[PDB]
$ cat data09.tsv   # TSV, C-alpha atoms
chain	number	residue	atom	x	y	z
S	147	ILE	CA	-15.42	12.79	6.67
S	148	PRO	CA	-12.87	10.54	4.91
S	149	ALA	CA	-14.23	8.07	2.38
S	150	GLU	CA	-11.51	5.48	3.07
S	151	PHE	CA	-10.20	3.79	6.21
S	152	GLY	CA	-6.70	4.18	4.85
S	153	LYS	CA	-4.76	2.81	7.81
S	154	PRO	CA	-4.54	-0.97	8.33
S	155	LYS	CA	-4.35	-1.36	12.12
S	156	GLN	CA	-2.23	-4.27	13.33
S	157	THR	CA	-3.63	-6.62	15.96
S	158	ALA	CA	-2.17	-5.70	19.35
S	159	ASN	CA	-4.75	-6.73	21.97
S	160	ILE	CA	-6.86	-9.90	21.88
S	161	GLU	CA	-9.61	-10.54	24.43
S	162	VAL	CA	-10.81	-14.15	24.75
S	163	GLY	CA	-13.52	-15.39	27.09
S	164	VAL	CA	-14.06	-19.16	27.21
S	165	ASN	CA	-15.58	-21.79	29.48
S	166	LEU	CA	-13.53	-24.89	30.00
S	167	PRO	CA	-15.03	-28.33	30.71
S	168	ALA	CA	-14.18	-29.32	34.27
S	169	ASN	CA	-14.94	-32.98	33.48
S	170	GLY	CA	-12.55	-33.16	30.54
S	171	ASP	CA	-9.91	-35.88	30.56
S	172	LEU	CA	-6.49	-35.02	31.94
S	173	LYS	CA	-3.48	-34.78	29.63
S	174	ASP	CA	0.29	-34.99	30.06
S	175	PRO	CA	1.94	-31.53	29.91
S	176	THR	CA	5.25	-32.87	28.56
S	177	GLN	CA	3.58	-34.78	25.69
S	178	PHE	CA	1.95	-31.68	24.17
S	179	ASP	CA	2.19	-31.43	20.38
S	180	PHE	CA	-0.01	-29.31	18.12
S	181	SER	CA	0.55	-31.81	15.30
S	182	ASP	CA	-1.19	-34.59	17.24
S	183	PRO	CA	-4.83	-33.81	18.16
S	184	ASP	CA	-4.96	-36.35	21.00
S	185	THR	CA	-2.17	-34.65	22.97
S	186	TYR	CA	-4.33	-31.65	23.94
S	187	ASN	CA	-8.01	-31.07	24.78
S	188	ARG	CA	-9.36	-28.34	22.49
S	189	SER	CA	-8.23	-26.11	19.63
S	190	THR	CA	-9.73	-22.85	18.34
S	191	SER	CA	-9.05	-20.90	15.14
S	192	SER	CA	-9.21	-17.16	14.52
S	193	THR	CA	-7.83	-14.41	12.29
S	194	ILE	CA	-5.27	-11.72	13.14
S	195	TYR	CA	-3.97	-8.80	11.08
S	196	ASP	CA	-0.47	-7.37	10.66
S	197	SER	CA	0.52	-3.79	9.82
S	198	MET	CA	0.02	-4.34	6.07
S	199	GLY	CA	-3.39	-5.93	6.61
S	200	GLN	CA	-2.36	-9.48	5.71
S	201	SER	CA	-4.66	-12.08	7.24
S	202	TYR	CA	-3.02	-14.72	9.44
S	203	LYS	CA	-4.62	-17.71	11.14
S	204	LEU	CA	-4.11	-17.89	14.91
S	205	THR	CA	-4.74	-21.29	16.51
S	206	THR	CA	-4.90	-21.61	20.30
S	207	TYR	CA	-4.49	-25.00	21.98
S	208	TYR	CA	-5.91	-25.74	25.44
S	209	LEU	CA	-4.54	-28.61	27.53
S	210	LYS	CA	-5.88	-29.77	30.89
S	211	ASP	CA	-3.08	-30.37	33.38
S	212	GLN	CA	-3.00	-33.82	34.97
S	213	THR	CA	-0.52	-33.18	37.80
S	214	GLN	CA	-2.35	-30.16	39.23
S	215	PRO	CA	-6.15	-30.07	39.57
S	216	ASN	CA	-8.00	-27.10	38.07
S	217	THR	CA	-4.94	-26.20	35.99
S	218	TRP	CA	-4.84	-25.64	32.23
S	219	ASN	CA	-2.08	-25.00	29.70
S	220	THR	CA	-2.53	-22.71	26.70
S	221	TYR	CA	-0.38	-22.63	23.56
S	222	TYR	CA	-0.57	-20.56	20.38
S	223	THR	CA	0.41	-21.19	16.76
S	224	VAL	CA	0.50	-19.00	13.64
S	225	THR	CA	-0.38	-20.43	10.22
S	226	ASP	CA	1.17	-18.57	7.29
S	227	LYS	CA	1.61	-19.86	3.74
S	228	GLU	CA	4.90	-21.57	4.65
S	229	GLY	CA	3.24	-23.63	7.38
S	230	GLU	CA	2.07	-23.62	10.98
S	231	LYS	CA	4.63	-22.04	13.30
S	232	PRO	CA	4.32	-22.14	17.10
S	233	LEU	CA	4.29	-18.88	19.04
S	234	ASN	CA	6.05	-18.59	22.40
S	235	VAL	CA	5.02	-16.54	25.42
S	236	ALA	CA	7.54	-14.04	26.78
S	237	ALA	CA	7.35	-15.27	30.39
S	238	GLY	CA	4.91	-18.18	30.22
S	239	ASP	CA	5.35	-20.86	32.88
S	240	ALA	CA	4.85	-23.81	30.51
S	241	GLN	CA	7.91	-25.15	28.68
S	242	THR	CA	7.48	-28.27	26.57
S	243	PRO	CA	10.54	-30.47	25.96
S	244	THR	CA	10.55	-29.38	22.30
S	245	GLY	CA	10.74	-25.72	23.32
S	246	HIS	CA	7.21	-24.36	22.90
S	247	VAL	CA	6.28	-21.81	25.57
S	248	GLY	CA	2.72	-21.56	26.86
S	249	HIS	CA	1.01	-20.16	29.94
S	250	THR	CA	-0.93	-21.76	32.78
S	251	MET	CA	-4.50	-20.99	33.84
S	252	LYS	CA	-5.83	-21.72	37.34
S	253	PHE	CA	-9.36	-21.54	38.76
S	254	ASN	CA	-10.79	-21.36	42.26
S	255	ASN	CA	-13.21	-23.80	43.89
S	256	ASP	CA	-16.30	-22.10	42.44
S	257	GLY	CA	-14.90	-22.27	38.90
S	258	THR	CA	-14.08	-18.56	38.65
S	259	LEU	CA	-10.70	-17.38	37.37
S	260	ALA	CA	-7.90	-17.51	39.95
S	261	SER	CA	-4.62	-16.67	38.21
S	262	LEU	CA	-3.12	-16.32	34.73
S	263	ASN	CA	0.55	-17.12	34.05
S	264	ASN	CA	1.44	-16.64	37.73
S	265	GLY	CA	-0.19	-13.21	37.67
S	266	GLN	CA	1.99	-11.86	34.88
S	267	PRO	CA	0.58	-10.21	31.74
S	268	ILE	CA	0.42	-12.47	28.70
S	269	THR	CA	2.59	-10.94	25.95
S	270	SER	CA	3.83	-13.00	23.02
S	271	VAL	CA	7.27	-12.81	21.42
S	272	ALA	CA	7.80	-10.91	18.18
S	273	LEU	CA	6.18	-12.68	15.23
S	274	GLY	CA	8.83	-12.08	12.59
S	275	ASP	CA	11.97	-11.28	14.58
S	276	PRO	CA	14.51	-14.14	14.58
S	277	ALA	CA	16.35	-12.45	17.47
S	278	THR	CA	13.53	-13.44	19.86
S	279	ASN	CA	11.55	-16.11	17.95
S	280	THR	CA	12.89	-19.58	17.18
S	281	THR	CA	10.21	-19.93	14.46
S	282	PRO	CA	9.82	-16.41	13.04
S	283	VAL	CA	6.59	-15.81	11.14
S	284	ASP	CA	7.01	-14.82	7.50
S	285	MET	CA	5.60	-11.29	7.71
S	286	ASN	CA	6.15	-10.89	3.93
S	287	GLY	CA	7.25	-7.28	4.40
S	288	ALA	CA	5.16	-6.37	7.45
S	289	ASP	CA	6.49	-5.29	10.83
S	290	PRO	CA	8.46	-8.20	12.36
S	291	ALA	CA	8.23	-6.78	15.90
S	292	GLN	CA	4.45	-7.10	16.26
D	147	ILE	CA	-12.63	37.54	-20.64
D	148	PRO	CA	-11.34	35.63	-23.69
D	149	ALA	CA	-13.83	33.39	-25.46
D	150	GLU	CA	-11.18	30.74	-26.23
D	151	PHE	CA	-8.57	28.87	-24.21
D	152	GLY	CA	-6.16	29.47	-27.06
D	153	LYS	CA	-3.03	27.86	-25.63
D	154	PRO	CA	-2.64	24.05	-25.83
D	155	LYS	CA	-0.70	23.28	-22.66
D	156	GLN	CA	1.67	20.31	-22.75
D	157	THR	CA	1.53	17.84	-19.87
D	158	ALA	CA	4.43	18.40	-17.48
D	159	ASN	CA	3.38	17.05	-14.08
D	160	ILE	CA	1.30	13.91	-13.55
D	161	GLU	CA	0.11	13.01	-10.05
D	162	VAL	CA	-0.80	9.33	-9.63
D	163	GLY	CA	-2.02	7.75	-6.40
D	164	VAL	CA	-2.45	3.97	-6.37
D	165	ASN	CA	-2.73	1.15	-3.86
D	166	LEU	CA	-0.62	-1.84	-4.66
D	167	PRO	CA	-1.61	-5.43	-3.83
D	168	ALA	CA	0.62	-6.70	-1.03
D	169	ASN	CA	-0.50	-10.28	-1.76
D	170	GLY	CA	0.22	-10.06	-5.49
D	171	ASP	CA	2.44	-12.66	-7.09
D	172	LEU	CA	6.15	-11.90	-7.31
D	173	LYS	CA	7.79	-11.34	-10.70
D	174	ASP	CA	11.33	-11.40	-12.05
D	175	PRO	CA	12.80	-7.89	-12.52
D	176	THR	CA	15.10	-9.10	-15.31
D	177	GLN	CA	12.26	-10.79	-17.23
D	178	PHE	CA	10.14	-7.65	-17.57
D	179	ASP	CA	8.70	-7.10	-21.05
D	180	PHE	CA	5.77	-4.82	-21.86
D	181	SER	CA	4.79	-7.05	-24.79
D	182	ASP	CA	4.12	-9.99	-22.44
D	183	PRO	CA	1.39	-9.33	-19.84
D	184	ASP	CA	2.48	-12.26	-17.66
D	185	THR	CA	5.93	-10.77	-16.98
D	186	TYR	CA	4.54	-7.86	-14.93
D	187	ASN	CA	1.63	-7.51	-12.49
D	188	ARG	CA	-0.59	-4.57	-13.50
D	189	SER	CA	-0.86	-2.14	-16.40
D	190	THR	CA	-2.76	1.16	-16.49
D	191	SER	CA	-3.56	3.48	-19.39
D	192	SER	CA	-3.95	7.26	-19.51
D	193	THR	CA	-4.04	10.15	-21.98
D	194	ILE	CA	-1.43	12.91	-22.26
D	195	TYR	CA	-1.13	16.02	-24.43
D	196	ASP	CA	1.92	17.48	-26.15
D	197	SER	CA	2.77	21.11	-26.93
D	198	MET	CA	0.46	21.19	-29.98
D	199	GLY	CA	-2.40	19.41	-28.19
D	200	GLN	CA	-2.09	15.98	-29.82
D	201	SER	CA	-3.44	13.19	-27.62
D	202	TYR	CA	-1.08	10.34	-26.72
D	203	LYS	CA	-1.75	7.10	-24.86
D	204	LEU	CA	0.45	6.62	-21.79
D	205	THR	CA	0.67	3.12	-20.31
D	206	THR	CA	2.29	2.46	-16.93
D	207	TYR	CA	3.47	-1.03	-15.97
D	208	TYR	CA	3.83	-2.06	-12.32
D	209	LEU	CA	5.97	-5.06	-11.39
D	210	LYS	CA	6.33	-6.65	-7.96
D	211	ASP	CA	9.97	-7.32	-7.11
D	212	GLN	CA	10.79	-10.90	-6.12
D	213	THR	CA	14.30	-10.42	-4.70
D	214	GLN	CA	13.33	-7.61	-2.31
D	215	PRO	CA	10.07	-7.70	-0.33
D	216	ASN	CA	7.97	-4.52	-0.30
D	217	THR	CA	9.62	-3.41	-3.56
D	218	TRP	CA	7.92	-2.51	-6.83
D	219	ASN	CA	9.17	-1.65	-10.32
D	220	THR	CA	7.44	0.96	-12.47
D	221	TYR	CA	7.85	1.37	-16.23
D	222	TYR	CA	6.24	3.73	-18.74
D	223	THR	CA	5.46	3.39	-22.44
D	224	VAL	CA	4.07	5.80	-25.03
D	225	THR	CA	1.82	4.54	-27.83
D	226	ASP	CA	1.75	6.79	-30.89
D	227	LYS	CA	0.49	5.91	-34.36
D	228	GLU	CA	3.86	4.35	-35.23
D	229	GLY	CA	3.72	1.96	-32.28
D	230	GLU	CA	4.36	1.56	-28.57
D	231	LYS	CA	7.77	2.92	-27.57
D	232	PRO	CA	9.16	2.50	-24.03
D	233	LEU	CA	10.05	5.63	-22.08
D	234	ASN	CA	13.20	5.70	-19.95
D	235	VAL	CA	13.70	7.44	-16.61
D	236	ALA	CA	16.64	9.83	-16.26
D	237	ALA	CA	17.88	8.37	-12.96
D	238	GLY	CA	15.61	5.38	-12.35
D	239	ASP	CA	17.30	2.45	-10.62
D	240	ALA	CA	15.62	-0.28	-12.69
D	241	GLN	CA	17.54	-1.27	-15.84
D	242	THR	CA	16.24	-4.28	-17.74
D	243	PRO	CA	18.68	-6.27	-19.91
D	244	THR	CA	16.92	-4.93	-23.02
D	245	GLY	CA	17.68	-1.35	-21.99
D	246	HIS	CA	14.37	-0.03	-20.68
D	247	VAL	CA	14.78	2.13	-17.57
D	248	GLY	CA	12.19	2.18	-14.79
D	249	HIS	CA	12.13	3.32	-11.18
D	250	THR	CA	11.75	1.45	-7.90
D	251	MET	CA	9.23	2.01	-5.10
D	252	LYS	CA	9.64	0.86	-1.49
D	253	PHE	CA	7.16	0.86	1.40
D	254	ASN	CA	7.38	0.78	5.19
D	255	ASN	CA	6.09	-1.87	7.60
D	256	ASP	CA	2.67	-0.20	7.92
D	257	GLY	CA	2.32	-0.18	4.13
D	258	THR	CA	2.87	3.57	3.81
D	259	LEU	CA	5.23	5.05	1.23
D	260	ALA	CA	8.90	4.79	2.20
D	261	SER	CA	11.02	5.90	-0.77
D	262	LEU	CA	10.73	6.61	-4.49
D	263	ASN	CA	13.60	6.03	-6.94
D	264	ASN	CA	16.21	6.12	-4.15
D	265	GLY	CA	14.88	9.49	-3.02
D	266	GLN	CA	15.32	11.14	-6.41
D	267	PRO	CA	12.59	13.01	-8.31
D	268	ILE	CA	10.95	11.15	-11.18
D	269	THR	CA	11.75	12.98	-14.43
D	270	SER	CA	11.39	11.22	-17.77
D	271	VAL	CA	13.70	11.64	-20.76
D	272	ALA	CA	12.67	13.78	-23.72
D	273	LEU	CA	9.89	12.18	-25.75
D	274	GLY	CA	11.07	13.07	-29.25
D	275	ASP	CA	14.77	13.83	-28.81
D	276	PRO	CA	16.99	11.08	-30.29
D	277	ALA	CA	20.00	12.47	-28.39
D	278	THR	CA	18.48	11.30	-25.08
D	279	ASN	CA	15.97	8.58	-26.06
D	280	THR	CA	16.71	5.34	-27.91
D	281	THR	CA	13.03	5.17	-28.96
D	282	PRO	CA	12.07	8.78	-29.76
D	283	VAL	CA	8.34	9.43	-29.77
D	284	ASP	CA	6.98	10.76	-33.06
D	285	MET	CA	5.85	14.22	-31.93
D	286	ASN	CA	4.45	14.91	-35.43
D	287	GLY	CA	5.58	18.53	-35.16
D	288	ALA	CA	5.34	18.95	-31.39
D	289	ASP	CA	8.18	19.91	-29.06
D	290	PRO	CA	10.66	16.99	-28.89
D	291	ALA	CA	12.12	18.05	-25.53
D	292	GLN	CA	8.86	17.59	-23.61
D	293	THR	CA	9.48	16.05	-20.19
D	294	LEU	CA	7.10	14.45	-17.70
D	295	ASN	CA	7.36	14.66	-13.91
D	296	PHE	CA	5.50	11.92	-12.03
D	297	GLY	CA	4.23	12.55	-8.51
D	298	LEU	CA	3.44	9.35	-6.60
D	299	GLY	CA	3.60	10.66	-3.04
D	300	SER	CA	0.30	8.98	-2.14
D	301	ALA	CA	1.11	5.45	-3.34
D	302	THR	CA	0.46	2.72	-0.78
D	303	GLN	CA	0.81	-1.06	-0.50
D	304	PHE	CA	-2.01	-2.64	1.51
D	305	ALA	CA	-3.93	-5.91	1.47
D	306	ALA	CA	-6.51	-4.34	-0.85
D	307	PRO	CA	-6.37	-5.25	-4.56
D	308	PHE	CA	-4.84	-3.01	-7.22
D	309	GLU	CA	-6.69	0.31	-7.45
D	310	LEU	CA	-6.12	3.61	-9.28
D	311	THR	CA	-7.44	5.98	-6.62
D	312	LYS	CA	-6.40	9.32	-8.10
D	313	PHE	CA	-5.03	10.58	-11.42
D	314	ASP	CA	-4.30	14.28	-11.98
D	315	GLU	CA	-2.40	15.96	-14.81
D	316	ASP	CA	-1.57	19.51	-15.89
D	317	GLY	CA	-2.28	19.12	-19.61
D	318	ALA	CA	-4.86	21.10	-21.54
D	319	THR	CA	-6.56	21.31	-24.92
D	320	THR	CA	-8.20	24.05	-26.97
D	321	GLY	CA	-11.67	25.00	-25.80
D	322	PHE	CA	-14.45	27.57	-25.81
D	323	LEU	CA	-15.80	29.77	-23.02
D	324	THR	CA	-18.77	27.92	-21.52
D	325	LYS	CA	-19.78	29.80	-18.36
D	326	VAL	CA	-18.54	32.66	-16.18
D	327	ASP	CA	-19.20	33.17	-12.48
D	328	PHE	CA	-18.01	35.43	-9.65
D	329	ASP	CA	-16.92	34.29	-6.20
D	330	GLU	CA	-17.12	36.22	-2.93
D	331	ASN	CA	-13.45	37.24	-3.22
D	332	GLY	CA	-14.22	38.98	-6.52
D	333	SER	CA	-12.24	36.58	-8.70
D	334	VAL	CA	-13.99	36.16	-12.05
D	335	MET	CA	-13.70	32.48	-12.96
D	336	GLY	CA	-14.62	30.88	-16.26
D	337	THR	CA	-14.83	27.23	-17.27
D	338	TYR	CA	-14.12	26.14	-20.84
D	339	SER	CA	-14.79	23.00	-22.86
D	340	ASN	CA	-11.38	21.52	-22.05
D	341	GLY	CA	-12.17	21.61	-18.32
D	342	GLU	CA	-9.62	24.08	-16.94
D	343	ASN	CA	-11.18	26.59	-14.53
D	344	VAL	CA	-9.10	29.56	-15.63
D	345	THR	CA	-9.29	32.58	-13.31
D	346	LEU	CA	-9.54	35.65	-15.52
D	347	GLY	CA	-8.67	38.02	-12.69
D	348	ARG	CA	-9.99	39.92	-9.69
D	349	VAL	CA	-12.11	43.04	-9.36
D	350	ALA	CA	-10.23	46.00	-7.92
D	351	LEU	CA	-11.75	47.74	-4.91
D	352	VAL	CA	-10.96	51.31	-3.86
D	353	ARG	CA	-11.61	52.93	-0.48
D	354	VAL	CA	-10.77	56.49	0.55
D	355	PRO	CA	-10.31	57.58	4.19
D	356	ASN	CA	-12.76	60.52	4.01
D	357	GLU	CA	-15.53	59.71	1.54
D	358	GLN	CA	-17.33	63.03	2.17
D	359	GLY	CA	-14.68	64.95	0.23
D	360	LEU	CA	-14.82	63.11	-3.08
D	361	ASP	CA	-15.70	65.43	-5.94
D	362	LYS	CA	-18.80	64.36	-7.84
D	363	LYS	CA	-18.41	63.73	-11.56
D	364	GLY	CA	-21.25	62.84	-13.89
D	365	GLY	CA	-22.93	59.47	-14.02

$ encode --input "data09.tsv" --output "structure tokens"
Amino acid sequence: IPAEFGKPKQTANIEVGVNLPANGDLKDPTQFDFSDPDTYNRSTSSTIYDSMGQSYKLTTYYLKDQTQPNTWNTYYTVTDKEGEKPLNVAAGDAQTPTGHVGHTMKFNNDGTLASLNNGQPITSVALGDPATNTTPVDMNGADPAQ
Amino acid sequence: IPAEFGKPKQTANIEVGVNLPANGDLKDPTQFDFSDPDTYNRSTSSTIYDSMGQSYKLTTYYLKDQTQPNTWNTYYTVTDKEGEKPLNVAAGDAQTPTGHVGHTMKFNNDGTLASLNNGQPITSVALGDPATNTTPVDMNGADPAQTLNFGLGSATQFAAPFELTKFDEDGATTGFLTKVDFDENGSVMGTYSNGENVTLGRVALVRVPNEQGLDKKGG
């Protein structure tokens, strides 16, 4: 019976269950910008942990597509001490002109979930690896390939 | 079963297990100075014993490297009656401009221990030998060639604050027999005032193949 939980476990899987307002105003996918609140619909904040146990702030942005009905765009950002850095999806089908990569969410007629990122699993790029991230997160000594 | 632990044992091996703050402020390796608390991060104190049993105050200074992430610098000082004299490592890869020699500690991505002093064992220079120490410790009659081996195989760097989890040494002081007990294995153990649980010995057991043929003496 150990007296210490001496193994900081990095965040690997995140489950999110949300309800989106069907009557929300439509937004332009190409005008998305996390720095301007009016570009998107909603934003949520949460905490994630690296291998060393450092706390990072994960902000998820939800945008309601205007071109396609019952379609939503989701983007993620990471806020370390240096600043707020966007996080790109590995194969997300949502490319802003700046370069941010999100994923699309579609729903059926009854409001249930239809598809996520064209049926592909949602896996983000490495947080602190410059080889795959255009804005690498400052892991401050943690694992860059999380 | 001696009534005294009549052998003051000098400290030779010190096992220290600490958790270092990953979020601690960085410091300049070249600006380290044990007289200025702000130059380093944390300082811990402990007691050590020489050959003759004199008690000495051992202070360890931990510094967070700024140039290299997940790197720490460790320095040791000995405070006798004369003053506080820094202690140098034989092969430590941390040389301040003043001349004090420490050792470096590195950690992996998960915060576990990666390497210690470039993979070399931590052995300090002789405390009271001027031929190897620029600040010889005043042994006051004790053995000047006393050396300390530091075992930090359980050191970690996590998000938790600085913490001295474990401290174990091999030193001893003079003491008196306090209690004696016997375990199931037959080892007769006795604890003294110093705290060492010295095992006096075991109880011999004899078995013969055919017990019916033993000749019967008196008593």

$ axis_aligned_box --input "data09.tsv" --around "region 242-253 of chain S" --padding-each-side "3 Å" --output "AutoDock Vina command-line options"
--center_x 0.7 --center_y -25.3 --center_z 30.5 --size_x 26.1 --size_y 16.3 --size_z 22.5

$ atom_distance --input "data09.tsv" --atom1 "CA of residue 170 (chain D)" --atom2 "CA of residue 307 (chain D)"
8.2 Å

$ closest_residue --input "data09.tsv" --among "D:287, D:152, D:257, D:238" --to "chain S" --atoms "all atoms listed in the file"
D:257

$ interface_residues --input "data09.tsv" --of "chain S" --to "chain D" --cutoff "9 Å" --atoms "only C-alpha atoms" --output "ChimeraX atom specification"
/S:152-156,196-201,286-290

$ atom_distance --input "data09.tsv" --atom1 "CA of residue 210 (chain D)" --atom2 "CA of residue 225 (chain D)"
23.2 Å

$ residues_near_point --input "data09.tsv" --point "(-8.9, -15.6, 24.5)" --cutoff "10 Å" --atoms "all atoms listed in the file" --output "MDAnalysis selection string"
chainID S and resid 160:164 190 206 220

$ residues_around --input "data09.tsv" --residues "residue 242 (chain D)" --least-positions-apart "4" --cutoff "10 Å" --atoms "all atoms listed in the file" --output "mmCIF file with C-alpha atoms, in the frame of the given file"
data_model
loop_
_atom_site.group_PDB
_atom_site.id
_atom_site.type_symbol
_atom_site.label_atom_id
_atom_site.label_comp_id
_atom_site.auth_asym_id
_atom_site.auth_seq_id
_atom_site.Cartn_x
_atom_site.Cartn_y
_atom_site.Cartn_z
ATOM 1 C CA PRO D 175 12.800 -7.890 -12.520
ATOM 2 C CA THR D 176 15.100 -9.100 -15.310
ATOM 3 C CA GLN D 177 12.260 -10.790 -17.230
ATOM 4 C CA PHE D 178 10.140 -7.650 -17.570
ATOM 5 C CA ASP D 179 8.700 -7.100 -21.050
ATOM 6 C CA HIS D 246 14.370 -0.030 -20.680
ATOM 7 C CA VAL D 247 14.780 2.130 -17.570
ATOM 8 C CA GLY D 248 12.190 2.180 -14.790
#

$ atom_distance --input "data09.tsv" --atom1 "CA of residue 204 (chain D)" --atom2 "CA of residue 190 (chain D)"
8.3 Å

$ residues_around --input "data09.tsv" --residues "residue 200 (chain D)" --least-positions-apart "4" --cutoff "12 Å" --atoms "only C-alpha atoms" --output "compact mmCIF listing (two decimals) with C-alpha atoms, in the coordinates of the input"
# COMPACT_ATOMS: atom_id res chain seq x y z
CA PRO D 154 -2.64 24.05 -25.83
CA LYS D 155 -0.70 23.28 -22.66
CA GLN D 156 1.67 20.31 -22.75
CA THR D 157 1.53 17.84 -19.87
CA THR D 193 -4.04 10.15 -21.98
CA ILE D 194 -1.43 12.91 -22.26
CA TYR D 195 -1.13 16.02 -24.43
CA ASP D 196 1.92 17.48 -26.15
CA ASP D 226 1.75 6.79 -30.89
CA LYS D 227 0.49 5.91 -34.36
CA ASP D 284 6.98 10.76 -33.06
CA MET D 285 5.85 14.22 -31.93
CA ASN D 286 4.45 14.91 -35.43
CA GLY D 287 5.58 18.53 -35.16
CA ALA D 288 5.34 18.95 -31.39
CA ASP D 289 8.18 19.91 -29.06
CA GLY D 317 -2.28 19.12 -19.61
CA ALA D 318 -4.86 21.10 -21.54
CA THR D 319 -6.56 21.31 -24.92
CA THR D 320 -8.20 24.05 -26.97

$ residues_around --input "data09.tsv" --residues "region 255-265 of chain S" --least-positions-apart "4" --cutoff "7 Å" --atoms "all atoms listed in the file" --output "ChimeraX atom specification"
/S:238-239,249-251

$ residues_around --input "data09.tsv" --residues "residue 185 (chain S)" --least-positions-apart "4" --cutoff "9 Å" --atoms "only C-alpha atoms" --output "PyMOL selection string"
chain S and resi 173-175+177-181+209

$ residues_around --input "data09.tsv" --residues "residue 149 (chain D)" --least-positions-apart "5" --cutoff "9 Å" --atoms "all atoms listed in the file" --output "MDAnalysis selection string"
chainID D and resid 321:324 338

$ closest_residue --input "data09.tsv" --among "D:150, D:228, D:211, D:314" --to "residue 171 (chain D)" --atoms "all atoms listed in the file"
D:211

$ closest_residue --input "data09.tsv" --among "S:223, S:214, S:279, S:169" --to "residue 193 (chain S)" --atoms "only C-alpha atoms"
S:223

$ closest_residue --input "data09.tsv" --among "S:285, S:165, S:183, S:277" --to "residue 195 (chain S)" --atoms "all atoms listed in the file"
S:285

$ closest_residue --input "data09.tsv" --among "S:148, S:218, S:269, S:203" --to "residue 171 (chain S)" --atoms "all atoms listed in the file"
S:218

$ build_atoms --input "data09.tsv" --residues "region 190-201 of chain S" --atoms "N, CA, C and O atoms" --output "mmCIF file, keeping the file's coordinate frame"
data_model
loop_
_atom_site.group_PDB
_atom_site.id
_atom_site.type_symbol
_atom_site.label_atom_id
_atom_site.label_comp_id
_atom_site.auth_asym_id
_atom_site.auth_seq_id
_atom_site.Cartn_x
_atom_site.Cartn_y
_atom_site.Cartn_z
ATOM 1 N N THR S 190 -8.885 -23.875 18.940
ATOM 2 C CA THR S 190 -9.730 -22.850 18.340
ATOM 3 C C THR S 190 -8.940 -22.094 17.276
ATOM 4 O O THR S 190 -7.720 -21.941 17.378
ATOM 5 N N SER S 191 -9.653 -21.614 16.259
ATOM 6 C CA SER S 191 -9.050 -20.900 15.140
ATOM 7 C C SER S 191 -9.641 -19.505 15.029
ATOM 8 O O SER S 191 -10.832 -19.294 15.276
ATOM 9 N N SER S 192 -8.794 -18.550 14.652
ATOM 10 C CA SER S 192 -9.210 -17.160 14.520
ATOM 11 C C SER S 192 -8.255 -16.453 13.566
ATOM 12 O O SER S 192 -7.250 -17.014 13.127
ATOM 13 N N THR S 193 -8.588 -15.206 13.249
ATOM 14 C CA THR S 193 -7.830 -14.410 12.290
ATOM 15 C C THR S 193 -7.225 -13.192 12.984
ATOM 16 O O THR S 193 -7.879 -12.538 13.802
ATOM 17 N N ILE S 194 -5.968 -12.896 12.649
ATOM 18 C CA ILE S 194 -5.270 -11.720 13.140
ATOM 19 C C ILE S 194 -4.704 -10.966 11.939
ATOM 20 O O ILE S 194 -4.542 -11.519 10.850
ATOM 21 N N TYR S 195 -4.403 -9.687 12.153
ATOM 22 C CA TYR S 195 -3.970 -8.800 11.080
ATOM 23 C C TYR S 195 -2.651 -8.137 11.453
ATOM 24 O O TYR S 195 -2.455 -7.723 12.600
ATOM 25 N N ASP S 196 -1.755 -8.036 10.476
ATOM 26 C CA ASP S 196 -0.470 -7.370 10.660
ATOM 27 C C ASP S 196 -0.598 -5.904 10.260
ATOM 28 O O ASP S 196 -1.696 -5.383 10.047
ATOM 29 N N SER S 197 0.540 -5.213 10.160
ATOM 30 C CA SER S 197 0.520 -3.790 9.820
ATOM 31 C C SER S 197 0.048 -3.568 8.387
ATOM 32 O O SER S 197 -0.633 -2.577 8.101
ATOM 33 N N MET S 198 0.405 -4.466 7.471
ATOM 34 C CA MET S 198 0.020 -4.340 6.070
ATOM 35 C C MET S 198 -1.364 -4.894 5.782
ATOM 36 O O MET S 198 -1.803 -4.862 4.627
ATOM 37 N N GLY S 199 -2.061 -5.404 6.793
ATOM 38 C CA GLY S 199 -3.390 -5.930 6.610
ATOM 39 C C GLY S 199 -3.466 -7.370 6.155
ATOM 40 O O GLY S 199 -4.568 -7.853 5.868
ATOM 41 N N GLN S 200 -2.338 -8.069 6.076
ATOM 42 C CA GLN S 200 -2.360 -9.480 5.710
ATOM 43 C C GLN S 200 -3.074 -10.291 6.778
ATOM 44 O O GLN S 200 -2.879 -10.082 7.978
ATOM 45 N N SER S 201 -3.906 -11.228 6.335
ATOM 46 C CA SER S 201 -4.660 -12.080 7.240
ATOM 47 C C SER S 201 -3.825 -13.296 7.624
ATOM 48 O O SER S 201 -3.298 -13.992 6.751
#
